[PDB]
Amino acid sequence: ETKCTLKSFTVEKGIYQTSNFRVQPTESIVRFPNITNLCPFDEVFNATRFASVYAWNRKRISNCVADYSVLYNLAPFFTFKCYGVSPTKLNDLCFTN
Amino acid sequence: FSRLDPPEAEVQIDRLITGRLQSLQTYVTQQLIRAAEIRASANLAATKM
Ligand SMILES: *[C@@H]1O[C@H](CO)[C@@H](O[C@@H]2O[C@H](CO)[C@@H](O)[C@H](O)[C@H]2NC(C)=O)[C@H](O)[C@H]1NC(C)=O
Ligand SMILES: *[C@@H]1O[C@H](CO)[C@@H](O)[C@H](O)[C@H]1NC(C)=O
C-alpha cells in the first residue's frame, strides 16, 4: 500500500502516511425503554363522527406502541406529503410527545 | 439517514459535505498565509543569529 499511495513501484527511503486504523464494533444493542400497550389509534381513525373545522377535536396519545401497518390498509393509496420525516421510517425512529 | 428515505437525503447531506469542505478549505488557506509570515520571520531570525 506504500507502493499504491505513491503511484509507483520503487519507493524511496523515508516515512509516508498510508492510512488510519479504526477499531471495528463487536456487537449491537437496541435498548429503547420497557413499555408495552396497544395504542388508541383505533378510536381516532375509526370514529363515526369527526368535529367541525372551526372547533376541531382534541386527542392526547401516550404510552403506546407506534405500529404503522394499518394506515395503508384502512384506505387505498393517497397522499401523505410528509415534511419532517419520510413516511416509511416511522417505526424505527421513535416518537416524542 | 434514520429519518428521511435515501433519495432526498442526498440533497440534505450534500449541503453539509459541501458546507464543511469550504469550512475546511478556509482553514488550510489561512494556514498557508500564517506559515508564510512565520517563514518571513524564521528567515529573519536565521539572518539575525
Ligand atoms: C379500523 O377498523 C378496521 C376494520 O374494522 C381495521 O382494519 C384492519 O385492522 C387490522 C388490525 O391489525 C389489520 O390487520 C387489517 O389488515 C385491517 N384491514 C383493513 C381492510 O383495513 C383498522 O386497522 C382500524 N383502524 C385502526 C387505526 O386500527
Ligand atoms: C417492565 O415493567 C414491569 C411493570 O412495570 C415489570 O414487571 C417488569 O419487570 C419490567 N421489565 C424489566 C425487564 O424490568
# chains A, B, ... in the order shown; residues from 1 in each chain; ligands from 1

call {"tool": "residues_near_ligand", "arguments": {"ligand": "ligand 1", "cutoff": "6 Å", "atoms": "only C-alpha atoms and all ligand atoms", "output": "list in words"}}
result
residues 41, 42, 45, 46, 70, 73 and 74 of chain A

call {"tool": "write_last_selection", "arguments": {"atoms": "N, CA, C and O atoms", "output": "JSON list (two decimals), in the first residue's frame"}}
result
[["chain", "number", "residue", "atom", "x", "y", "z"],
["A", 41, "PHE", "N", -54.99, 4.40, 18.60],
["A", 41, "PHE", "CA", -55.15, 4.80, 17.21],
["A", 41, "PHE", "C", -56.47, 4.33, 16.60],
["A", 41, "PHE", "O", -56.96, 4.95, 15.65],
["A", 42, "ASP", "N", -57.04, 3.25, 17.11],
["A", 42, "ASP", "CA", -58.28, 2.73, 16.54],
["A", 42, "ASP", "C", -59.48, 3.64, 16.82],
["A", 42, "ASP", "O", -60.45, 3.61, 16.06],
["A", 45, "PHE", "N", -59.10, 6.93, 14.13],
["A", 45, "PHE", "CA", -59.27, 6.65, 12.71],
["A", 45, "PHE", "C", -60.60, 5.98, 12.39],
["A", 45, "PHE", "O", -61.09, 6.12, 11.26],
["A", 46, "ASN", "N", -61.19, 5.26, 13.34],
["A", 46, "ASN", "CA", -62.45, 4.58, 13.13],
["A", 46, "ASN", "C", -63.60, 5.24, 13.87],
["A", 46, "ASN", "O", -64.61, 4.59, 14.16],
["A", 70, "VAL", "N", -51.52, -0.56, 9.77],
["A", 70, "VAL", "CA", -52.92, -0.47, 9.36],
["A", 70, "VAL", "C", -53.23, 0.81, 8.61],
["A", 70, "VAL", "O", -54.37, 0.97, 8.14],
["A", 73, "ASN", "N", -53.87, 0.10, 4.94],
["A", 73, "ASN", "CA", -54.89, -0.90, 4.68],
["A", 73, "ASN", "C", -56.31, -0.40, 4.94],
["A", 73, "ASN", "O", -57.25, -0.96, 4.38],
["A", 74, "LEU", "N", -56.48, 0.61, 5.79],
["A", 74, "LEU", "CA", -57.81, 1.14, 6.06],
["A", 74, "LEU", "C", -58.41, 1.81, 4.83],
["A", 74, "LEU", "O", -59.61, 1.68, 4.56]]

call {"tool": "interface_residues", "arguments": {"of": "chain B", "to": "chain A", "cutoff": "9 Å", "atoms": "only C-alpha atoms", "output": "ChimeraX atom specification"}}
result
/B:2-5

call {"tool": "residues_near_ligand", "arguments": {"ligand": "ligand 2", "cutoff": "10 Å", "atoms": "only C-alpha atoms and all ligand atoms", "output": "ChimeraX atom specification"}}
result
/A:33-36

call {"tool": "write_last_selection", "arguments": {"atoms": "N, CA, C and O atoms", "output": "compact mmCIF listing (two decimals), in the first residue's frame"}}
result
# COMPACT_ATOMS: atom_id res chain seq x y z
N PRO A 33 -36.98 2.05 25.85
CA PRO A 33 -37.47 1.71 27.19
C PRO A 33 -38.46 0.55 27.39
O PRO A 33 -39.06 0.17 26.41
N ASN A 34 -38.65 0.06 28.63
CA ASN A 34 -39.57 -1.08 28.97
C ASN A 34 -41.01 -0.59 29.05
O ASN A 34 -41.50 -0.37 30.17
N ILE A 35 -41.66 -0.40 27.91
CA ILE A 35 -43.10 -0.03 27.98
C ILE A 35 -43.83 -0.79 26.88
O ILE A 35 -43.26 -0.98 25.81
N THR A 36 -45.05 -1.22 27.16
CA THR A 36 -45.79 -2.04 26.17
C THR A 36 -47.30 -1.84 26.38
O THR A 36 -47.71 -1.89 27.56

call {"tool": "residues_around", "arguments": {"residues": "residue 1 of chain A", "least_positions_apart": "6", "cutoff": "12 Å", "atoms": "only C-alpha atoms", "output": "number ranges by chain"}}
result
A: 7-9, 11, 16-19

call {"tool": "select_by_dssp", "arguments": {"residues": "chain B", "states": "alpha helix (DSSP H)", "output": "ChimeraX atom specification"}}
result
/B:6-46

call {"tool": "write_last_selection", "arguments": {"atoms": "C-alpha atoms", "output": "mmCIF file, in the first residue's frame"}}
result
data_model
loop_
_atom_site.group_PDB
_atom_site.id
_atom_site.type_symbol
_atom_site.label_atom_id
_atom_site.label_comp_id
_atom_site.auth_asym_id
_atom_site.auth_seq_id
_atom_site.Cartn_x
_atom_site.Cartn_y
_atom_site.Cartn_z
ATOM 1 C CA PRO B 6 -32.403 7.726 0.668
ATOM 2 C CA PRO B 7 -33.318 9.915 -2.396
ATOM 3 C CA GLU B 8 -33.670 13.426 -0.825
ATOM 4 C CA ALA B 9 -31.239 12.613 1.944
ATOM 5 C CA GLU B 10 -28.589 13.219 -0.721
ATOM 6 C CA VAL B 11 -29.868 16.763 -1.220
ATOM 7 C CA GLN B 12 -29.597 17.407 2.505
ATOM 8 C CA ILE B 13 -26.262 15.663 3.071
ATOM 9 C CA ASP B 14 -24.766 17.357 0.002
ATOM 10 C CA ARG B 15 -25.204 20.706 1.749
ATOM 11 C CA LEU B 16 -23.285 19.518 4.810
ATOM 12 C CA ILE B 17 -20.423 17.925 2.855
ATOM 13 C CA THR B 18 -20.008 20.970 0.610
ATOM 14 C CA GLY B 19 -20.503 23.234 3.616
ATOM 15 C CA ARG B 20 -17.813 21.522 5.680
ATOM 16 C CA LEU B 21 -15.454 21.287 2.701
ATOM 17 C CA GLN B 22 -15.404 25.057 2.215
ATOM 18 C CA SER B 23 -15.331 25.350 6.009
ATOM 19 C CA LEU B 24 -12.108 23.318 5.879
ATOM 20 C CA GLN B 25 -10.548 24.900 2.775
ATOM 21 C CA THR B 26 -10.570 28.197 4.679
ATOM 22 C CA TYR B 27 -8.557 26.534 7.439
ATOM 23 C CA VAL B 28 -5.883 25.329 5.004
ATOM 24 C CA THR B 29 -5.827 28.620 3.081
ATOM 25 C CA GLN B 30 -5.347 30.666 6.249
ATOM 26 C CA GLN B 31 -2.706 28.214 7.477
ATOM 27 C CA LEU B 32 -0.700 28.736 4.279
ATOM 28 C CA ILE B 33 -0.638 32.505 4.854
ATOM 29 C CA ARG B 34 0.307 32.303 8.540
ATOM 30 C CA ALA B 35 3.130 29.914 7.652
ATOM 31 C CA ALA B 36 4.200 32.479 5.056
ATOM 32 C CA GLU B 37 4.529 35.035 7.867
ATOM 33 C CA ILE B 38 6.394 32.691 10.213
ATOM 34 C CA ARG B 39 8.774 31.794 7.374
ATOM 35 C CA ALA B 40 9.267 35.519 6.825
ATOM 36 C CA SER B 41 10.408 35.695 10.469
ATOM 37 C CA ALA B 42 12.261 32.376 10.634
ATOM 38 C CA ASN B 43 14.355 33.680 7.734
ATOM 39 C CA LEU B 44 14.772 36.911 9.707
ATOM 40 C CA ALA B 45 15.908 35.034 12.808
ATOM 41 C CA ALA B 46 18.298 32.912 10.734
#

call {"tool": "atom_distance", "arguments": {"atom1": "atom CA of residue 14 of chain A", "atom2": "atom CA of residue 2 of chain A"}}
result
11.0 Å

call {"tool": "residues_around", "arguments": {"residues": "segment 62-64 of chain A", "least_positions_apart": "2", "cutoff": "7 Å", "atoms": "only C-alpha atoms", "output": "MDAnalysis selection string"}}
result
chainID A and resid 36:39 60 66

call {"tool": "atom_distance", "arguments": {"atom1": "atom CA of residue 31 of chain A", "atom2": "atom CA of residue 97 of chain A"}}
result
19.2 Å
